[PDB]
S.K.: 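Sharing a structure here in structure tokens format.
So that the names make sense, note that chain A is the first sequence line, chain B the second, and so on, each numbered from 1.
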Amino acid sequence: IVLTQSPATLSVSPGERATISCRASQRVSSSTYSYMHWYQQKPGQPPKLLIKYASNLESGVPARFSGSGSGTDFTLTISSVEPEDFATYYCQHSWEXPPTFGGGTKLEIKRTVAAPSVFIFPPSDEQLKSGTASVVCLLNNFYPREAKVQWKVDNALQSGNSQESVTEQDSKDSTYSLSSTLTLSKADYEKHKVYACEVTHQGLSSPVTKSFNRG
Amino acid sequence: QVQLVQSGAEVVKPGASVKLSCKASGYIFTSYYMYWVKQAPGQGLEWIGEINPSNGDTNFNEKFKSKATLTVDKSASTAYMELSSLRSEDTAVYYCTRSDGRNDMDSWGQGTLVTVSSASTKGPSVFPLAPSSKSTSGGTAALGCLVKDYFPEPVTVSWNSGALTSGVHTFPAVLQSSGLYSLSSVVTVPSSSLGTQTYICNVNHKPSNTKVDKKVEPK
């Protein structure tokens, strides 16, 4: 049995109703009961059972979740979305062997524009002792996700030797955070004076620079 | 409380086997089926098969019947899955999950990431990201730990043994040019209490059996 979930992604504001679908390739209901189940997977966590046999709320799960449907066509509804509902939602049937799962719907949570708060970290003295210098620039709690970080060393734009990583949406405030790390040899690090992280984001009217002088 | 605790992430050489465990507590182990489920990176979920812990009866997905071997130790309340002849397509998070009726799967282990690779396991170095004048903002201070040069994934980071979770961001790993991973874990706190509170990151890399606690202090 193939379970097809739609839509792929759904973007919703807190307080609004969310509705997602799961279609089975064939019937997964008897004449009385339906053998479809729904799970929620938050980042880094295993899937969590929300709804069983199409419409039975799992004990402990909040009342905003419901499920419905019969035959082939099933729905999960969040009546009023909370930011902690950021997750991927999967359906799963238990009609025949083997049980199978749909491809998931990713729920994204809309929120207002928030500029990043920018912090910079010189290399630790420990790390420098080992021959390498990592300079970390943190962009914290911003939205939307689009942001640009450039490194400047003695005002010169750096062309490589950095890497970035972005978080998933926060479960409480729906923001993103981003780290950019500039990595140099101790020798290369010590030939320059000023290290700067320059940050562009739509919640800022001009780029924000955080810098420090080596030492 | 029903709990399923799985064994730690490991790297496996291509062609080799690995045996994963799943320790059950808080219920009668023999009264529920144990399922195992695969989730490939970015991918979705695939049922591997089932074991009845009362008697050792199994059933498998035809897709996994040659790949997976299921057993139990009833006195240790532990289920096992041995994956054979491992290839690249086998790199994935593997879950154990209990099913009361072979319908829904109501409690899940935390997952075991099995990385199939010829590369060797390496433990991370941990360095502080000290709060300083260059890491403040409107009454808040940011601080962290850089976890550098490990393989394979994952690393976990807690703060103050799990008591500090508000405002913690543990970034997704990046792949370095070396083929080793790196990530940072940061947290924002009141700048007022930098003198009086203690911040320790607790880094765990299970594949290398490496644990590092680093107290992060003002610069």
S.K.: Name the region of B:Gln43, side chain, backbone, both or neither, that has any atom closer than 4.5 Å to a heavy atom of chain A.
M.R.: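 Backbone only.
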S.K.: By ring pair (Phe, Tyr, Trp, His ring centres under 6.0 Å), which residues pair with B:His169, not counting sequence neighbours?
M.R.: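 Here no residue qualifies.
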S.K.: Find the one option among B:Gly138, B:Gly44, B:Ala173, B:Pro172 whose heavy-atom pairs under 4.5 Å with chain A are most numerous.
M.R.: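 Option with the greatest count: B:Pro172.
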S.K.: Mind checking side-chain hydrogen bond (donor to acceptor under 3.5 Å, both in side chains) for B:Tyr150 and listing every partner two or more places apart, or none if nothing turns up?
M.R.: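 So B:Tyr150 forms no side-chain hydrogen bond (donor to acceptor under 3.5 Å, both in side chains) with any residue.
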S.K.: Where on B:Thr188 is there a heavy atom nearer than 4.5 Å to chain A: the side chain, the backbone, both, or neither?
M.R.: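 Contact with chain A involves the side chain of B:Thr188 alone.
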S.K.: Could you walk me through whether A:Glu198 and A:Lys152 pass the salt bridge (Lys or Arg N to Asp or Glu O under 4.0 Å) check?
M.R.: CA-CA 8 Å; A:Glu198 180 174 301; A:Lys152 284 169 169 177; 3.1 Å; yes
S.K.: Between the side chains of B:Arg98 and B:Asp106, is the shortest nitrogen-to-carboxylate-oxygen separation below 4.0 Å, so that they form an ion pair?
M.R.: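 Answer for the salt bridge query: yes.
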S.K.: Pick from A:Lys172, A:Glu164, A:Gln163: which one has the most heavy-atom pairs with chain B under 4.5 Å?
M.R.: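 Sorted descending by pairs with chain B, the first entry is A:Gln163.
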S.K.: With a 4.5 angstrom heavy-atom cut-off, is it the side chain or the backbone of B:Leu175 that approaches chain A, or both, or neither?
M.R.: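 The backbone, not the side chain.
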S.K.: With a 4.5 Å limit on heavy-atom distance, are the side chains of B:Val147 and B:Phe171 in contact?
M.R.: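 Of all side-chain heavy-atom pairs linking B:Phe171 with B:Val147, none is under 4.5 Å.
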S.K.: Does the distance from a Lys or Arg side-chain N to an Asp or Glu carboxylate O, for A:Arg214 and A:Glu190, drop under 4.0 Å?
M.R.: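 Looking at A:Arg214 and A:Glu190, the cut-off is not met.
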S.K.: Identify which of A:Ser117, A:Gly103, A:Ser179 forms the greatest number of heavy-atom pairs closer than 4.5 Å to chain B.
M.R.: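 Answer, by heavy-atom pair count under 4.5 Å with chain B: A:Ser179.
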S.K.: With a 4.5 angstrom heavy-atom cut-off, which part of B:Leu45 approaches chain A: side chain, backbone, both or neither?
M.R.: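 For B:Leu45, the contact with chain A is made by backbone and side chain together.
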